[PDB]
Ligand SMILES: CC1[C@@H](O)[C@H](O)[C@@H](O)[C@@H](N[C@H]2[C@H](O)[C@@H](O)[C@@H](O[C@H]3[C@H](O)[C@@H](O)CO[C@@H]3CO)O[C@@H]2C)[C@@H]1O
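Just one chain follows, in the form solved without the ligand, and it is written as structure tokens.
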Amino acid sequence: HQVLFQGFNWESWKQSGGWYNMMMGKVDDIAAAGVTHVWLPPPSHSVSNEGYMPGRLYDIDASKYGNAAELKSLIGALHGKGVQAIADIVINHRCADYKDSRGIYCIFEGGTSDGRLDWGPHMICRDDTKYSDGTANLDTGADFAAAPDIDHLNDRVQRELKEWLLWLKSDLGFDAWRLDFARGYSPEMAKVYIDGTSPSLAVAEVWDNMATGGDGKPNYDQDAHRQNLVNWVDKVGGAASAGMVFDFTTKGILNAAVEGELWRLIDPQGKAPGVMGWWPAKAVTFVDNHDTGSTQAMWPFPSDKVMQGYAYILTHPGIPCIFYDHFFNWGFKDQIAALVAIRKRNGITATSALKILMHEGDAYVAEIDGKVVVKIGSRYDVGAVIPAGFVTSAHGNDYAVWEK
């Protein structure tokens, strides 16, 4: 059994009294709902309030989310209920605390009194010319415009970032990683960090744009999009590796499919159309995160159909990730916990078998491990496609589940 939970949103840093302190009062409900791992935000000093422009990686006390004591108390509470803590690891780029003789912020500070992570411009990808000194290797992935991109081919960078990651485990208690902006460096570089730190899992945010047609909707065929994700997993080490990816292919398809286009939820081979259909053991599915939803709203799930997204991901193969706001703020707590209970009760896991029974515009119905059937869509009647022996279980707005 494995169910992830994103334990923050884009406004969390503002929480009066501290976000981790507030989360202490949320631990029992998260664990009782069947969550096994909670993804926490970047914990270090950051030039931006939300944590995504880290500077002094060891300076946990500088975070807006709370200090190291408050973070360790929350991780200890999660562990007390048997739930793991996943740290948001932001290493594609990094802000430097000091200026060099050129007046450029390219002399870094790790946050410890010794030289750990106190890099210079030789550690900045040479092609990030706003900051580099032209001497490093070219970036192994995309650039993040607002800050120096780090040259992961540099041996000192690799060694000192692995030391820092191991310290997040040994000192703070983190168990696993979520790799931010993983399209910023190659999967071969991600492999150095994952293999060198043995996290229980490392879920990477590899977010490529989805191919769209002239009407603005994603294409029915997203094979190229999921092919890039499975190739990333192969390059990080495949089944041997602790690495896995967020299923952005399923997110993009599901965003469109629930708008009366549920025929999008099966490919021409009879499989789920996202990474779920090709390598479910490596696909972390989700309805929204702090970038797609929350107050950034870059690619929000249709608001009136969010429970159909959960009926889908919580009953299907792949590893589902529940978003904080949906569980605590939108009123879906009981419904989401009920769906996870159905998943756990029936022994459904990332590699459960999926048999799709109907895939029409207003009705998608699927059977998982021969034990659970789920329907989403506005169609009133799908009775004839429910196999014998199934009894109604949980239901809500445009979704229903049956158990056998």
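Residue numbers here begin at 1 and follow the sequence given.
One more form of this protein should be noted, the form solved in complex with the ligand, which is absent from this view; the next part is about it.
Though the partner is left out of this view, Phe5 does not reach within 4.5 Å of the ligand in the entry with it bound, counting heavy atoms only. Contact between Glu403 and the ligand in the entry with it bound is not found at the 4.5 Å heavy atom cutoff. With a 4.5 Å cutoff on heavy atoms, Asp334 does not count as touching the ligand in the entry with it bound; it lies far away.
Shown alone here, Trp279 lies within 4.5 Å of the ligand in the entry with it bound, counting heavy atoms only. The contact with the ligand in the entry with it bound, taken as any heavy atom within 4.5 Å, belongs to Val230 out of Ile266, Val230, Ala77, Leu153.
Within 4.5 Å of the ligand in the entry with it bound, a heavy atom is found for not a single one of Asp29, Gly82 and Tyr220.
You can rule out all but one of 271-279, 166-174, 316-324, 192-200: in the entry with it bound, only 271-279 has residues with a heavy atom within 4.5 Å of the ligand.
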